[PDB]
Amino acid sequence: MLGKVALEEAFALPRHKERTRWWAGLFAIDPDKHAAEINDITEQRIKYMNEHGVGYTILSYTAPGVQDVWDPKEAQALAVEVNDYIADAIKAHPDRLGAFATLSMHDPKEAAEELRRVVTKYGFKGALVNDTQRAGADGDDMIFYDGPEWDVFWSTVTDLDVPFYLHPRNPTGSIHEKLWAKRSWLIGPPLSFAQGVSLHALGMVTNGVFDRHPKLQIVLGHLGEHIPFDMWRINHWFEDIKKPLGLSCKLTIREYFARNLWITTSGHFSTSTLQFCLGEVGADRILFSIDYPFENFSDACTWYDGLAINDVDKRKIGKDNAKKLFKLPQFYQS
């Protein structure tokens, strides 16, 4: 399939040589290759897109990124620097590249203003945030976005009518020490990533974010970070036990997955899991994505192009869902 759209696609700031090499060494068997590709915006990245039937990618800042920065002024300065950098870096290829906003999430009003700045000025397509904001004087705390103090931010997101991609981050601080340090091969894609995002997303559900902000679109990578596996079980326990005991969110978990939540295929090129999600989530709410350069184009795209599924859903998941959700202009081979 030509003209696919992918949107969990990372870049790094070239000056961050040590940080990029550190993350590369934890996520890639060839870390110098990883570094070259996460730094490149317009050369190898577009050659891969041309080679593998990808018309358009929406770029986002690497994890942990700004969500690792616990000093609010340093975090804000890095978010601004990243946003200005990537807007300029993609300027030559508006037919191939868009960007998501990078945000410091220490303060709701500040994040709202920066999101508004770069969506309005640069035409960014939404925001991508690496789960909770690392915080505290020494980086031991974390900020979730499901409390009412974030209403001023979520109302900006819905006023702009752009999605928010809730990406994972590595575990840090006392949580890292107590749960993960002694089984550290589970940090990242094997388990820790999905546990963080699913906690936060279901926090958004059960703490009323989607009730207060019913137009809000939240995107989850990796086929939904475990959640569809338990769609039956979560729904049974919410509807039959937790709501009788006081849970007051207005809709069912299935209704939130129909109206507010999306899942992507990033890093999860599983035909069997995708077929399962056709039932539990539905092709209208599933988006192709790669997770480049943590994943390579060939793996994602040979898998997707090879899917022996119906042509309507293959087109929707491959590009047409994203074209409508992100209001995309005509892009290469759209």
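Residue positions are given as counts along the sequence shown, with the first one as 1.
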Higher mean Cα B-factor in the deposited model: 83-91 or 257-265?
-> 83-91
Mean temperature factor over C-alpha atoms, higher-scoring stretch between 202-210 and 97-105 = 97-105
Would you mind checking which of 169, 183, 233, 117 has the top Cα temperature factor in the PDB entry?
-> 117
Among 281, 290, 274, 41, the highest C-alpha B-factor in the PDB entry belongs to 41
Grab the CA temperature factor for residue 222 from the record and place it in the lowest, middle or highest third of its chain.
-> lowest
Among modelled residues of the same chain, the CA temperature factor third for residue 32 | highest
Binned into thirds over the chain's modelled residues, the C-alpha B-factor of residue 140 lands in the highest
Report the third (lowest, middle or highest) to which the CA temperature factor of residue 295 belongs, ranking only the modelled residues of the same chain.
-> lowest
Chain-relative CA temperature factor third for residue 286 | lowest
